[PDB]
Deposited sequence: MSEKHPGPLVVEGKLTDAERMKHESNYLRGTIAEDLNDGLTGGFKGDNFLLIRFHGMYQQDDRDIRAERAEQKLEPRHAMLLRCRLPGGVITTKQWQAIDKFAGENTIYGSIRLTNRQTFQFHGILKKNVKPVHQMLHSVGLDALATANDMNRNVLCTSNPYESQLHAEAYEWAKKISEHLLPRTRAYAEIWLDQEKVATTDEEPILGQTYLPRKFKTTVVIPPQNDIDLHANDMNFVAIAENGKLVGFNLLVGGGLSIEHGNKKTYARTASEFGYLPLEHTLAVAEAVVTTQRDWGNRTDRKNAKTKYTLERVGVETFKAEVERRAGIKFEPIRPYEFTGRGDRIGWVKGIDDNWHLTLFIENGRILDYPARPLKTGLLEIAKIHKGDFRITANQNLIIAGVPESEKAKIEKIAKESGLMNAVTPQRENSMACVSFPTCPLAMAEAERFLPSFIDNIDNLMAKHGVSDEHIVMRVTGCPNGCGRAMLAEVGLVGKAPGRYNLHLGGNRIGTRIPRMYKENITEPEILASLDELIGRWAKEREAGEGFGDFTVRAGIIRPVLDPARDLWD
């Protein structure tokens, strides 16, 4: 009653879309397509009668789901809508090559990989084991900076677990990408703590052996020496909602989809709308790491026809910058591990946050705000400026002090509190931010600067109070 597709970089054809739309509507309990924050999609509630039909459906359009249980990798991410549009094709080709290279070495724990195009960190590289940060010259990839060892999962009350950001190893020319990817994976395979499953992730391996030790073994196995890191900076993690110009005469329409949940709602036929777009659209779709959808490669002559369907179906309903930059995991009703609501909580929670932002005169601003239903961390709250981590029904740990670009873990601020208490705290804090912030200063950076919360500087040692 849960299927998830392999879909490197989130790129899905309109023929593939029509097939998964038909299956979702006819052969699942919930009737939805759920976009995931690893750039793929899920069905919910597949009856026993429809388990063979769904793998045959995927195969009929060239898709595979083939998970996982004995076979550990997850979907390889790729920046969906780079500002330098010409870089996407090559970066996506490399995400596909890496994905195919790592198809079945049993790993100690699942392993997550990304291809990132600065200045966008939409794929949230610090949540991932292995990250290839693209470096380009003259519109062509020349190589990657490698960052290793991110991961967000924690267990409540267990100070031996922690979220960790990823560590820079150095730069590699493009030709060494697959050798380096294999070397990182096999080093983790060999050095990971297999016995203790809560200690098996690469983030723990790196802390046990040291970054230089792991890096040296990767160099030896890959047959390379890393070069110094080549400069890169991120400016944000959000999607580019609306129309942006791509390559040639093409345009990309990114649609905000709340929680990535695609279903026909009253007066908002989101699912039928996307089907009608799939039937006329000349290009592909791209599922983003923010659970949104890009209608990619629209010729200028077709913009008006695509926008008409999107507007009439509810897919272009205006929301605040705050809502565009908020995210939650699935949680209830389908997740067996859920402690508190996330997806079903987020719309009314952000309604309340929207009122606080307006009350303090910052309705045009945003705070990267995420809700995760339990500390496994799928909603990526442990990279948010404001993160909520489910503890029990209606109760969350409130974390503060991440940043807009996702390079710092937020420390826990208040433990095991309800929504009214969270909103009361955030009302006070957003008020202070609005009045005391420096020009362009984000909410998370402010809570650190103003001494509201201490920063997390070295998570393996200082995440836990």
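Numbering the deposited sequence from 1, one finds several regions with no C-alpha coordinates, namely 1 to 79, 184 to 209.
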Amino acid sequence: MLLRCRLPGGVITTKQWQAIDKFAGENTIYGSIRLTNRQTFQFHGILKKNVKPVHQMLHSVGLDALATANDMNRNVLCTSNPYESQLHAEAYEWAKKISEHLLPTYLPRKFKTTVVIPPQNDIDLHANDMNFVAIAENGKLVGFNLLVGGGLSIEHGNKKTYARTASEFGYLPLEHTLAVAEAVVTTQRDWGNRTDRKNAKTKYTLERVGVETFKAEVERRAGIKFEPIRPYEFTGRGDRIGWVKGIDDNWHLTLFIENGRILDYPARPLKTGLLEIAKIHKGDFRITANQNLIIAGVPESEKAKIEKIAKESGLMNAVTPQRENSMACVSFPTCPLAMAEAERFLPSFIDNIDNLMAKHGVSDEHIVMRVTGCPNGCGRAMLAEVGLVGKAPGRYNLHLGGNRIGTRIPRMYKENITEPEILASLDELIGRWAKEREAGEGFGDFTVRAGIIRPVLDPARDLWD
From here on, numbers count along this sequence of modelled residues.
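In at least a third of the other PDB entries of this protein that model the residues around it, residue 67 has no coordinates.
Gaps at residue 426 occur in none of the other compared entries of the protein that contain both adjacent residues, all of which model it rather than a third dropping it.
In this entry, 355 to 363 shows the higher mean Cα temperature factor of the pair 321 to 329 and 355 to 363. The stretch with the higher mean CA B factor, choosing between 143 to 151 and 230 to 238, is 230 to 238. Within the selection 401, 420, 31, 406, the deposited Cα B-factor values reach their highest point at 420. Residue set 414, 437, 411, 44: peak C-alpha B-factor at 437 (per PDB entry). In this PDB entry, the Cα temperature factor of residue 379 sits in the bottom third of its chain's modelled residues, the lowest group. Residue 345: CA B factor in the middle third of modelled residues in this chain (values from the PDB entry). Residue 271: CA B factor lies in the middle third for its chain, per the PDB record. In this PDB entry, residue 124 carries a Cα temperature factor that places it within the lowest third of its chain's modelled residues. When the modelled residues of the chain are ordered by their C-alpha B factor, residue 94 lands in the middle third.
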